[PDB]
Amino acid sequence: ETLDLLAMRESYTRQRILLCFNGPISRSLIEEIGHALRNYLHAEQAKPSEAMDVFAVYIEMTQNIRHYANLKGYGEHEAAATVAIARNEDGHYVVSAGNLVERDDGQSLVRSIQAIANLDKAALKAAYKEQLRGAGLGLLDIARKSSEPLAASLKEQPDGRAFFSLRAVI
């Protein structure tokens, strides 16, 4: 067939991926992968505030996918996602997640992220504090916790549905 398990394992090594999952993603699956992530961060002697940032970005990105799938009525079977967590050579963690979205939703999402990427930490805080009382707390929190600007991409399809992928560098 087409399944090449060694080719994937080597691609994960090339990208320095420590954890990655693809498929239907449930509440309990989110938490259990987060538990593997927290153990890995502890085994790598992550500084306490760095460990919380990486975990927080993982939870919020993956819970945004859950929230979207609920809003669009998707079922357990339909609520699918691709999540990856890597660590750069300099020690910075990279948390990436992707999911299928309606095409109008995907285009409006990349706009909000492009509007988020260029704000400094003080502007991100103000927009965050204002959304406490269009990008919301989740994307704003991920942007605030990143050491690099948030990056997003969108692979459109004449299905009407697009693949949205987001990455944060912690």
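For every residue, the number given is its place in the sequence shown, counted from 1.
Where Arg133 is followed by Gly134 in the displayed chain, the model omits 4 to 9 of the deposited residues that sit between the two.
Between the stretches 89 to 97 and 72 to 80, it is 72 to 80 that shows the larger average CA temperature factor. Annotation for 53 to 61 versus 137 to 145: the higher mean temperature factor (C-alpha) is found in 137 to 145.
Residues shown: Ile30, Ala43, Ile116, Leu37. Highest C-alpha temperature factor in the entry: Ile116. When the modelled residues of the chain are ordered by their C-alpha B factor, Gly23 lands in the lowest third.
Among all modelled residues in its chain, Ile170 ranks in the middle third by Cα B-factor.
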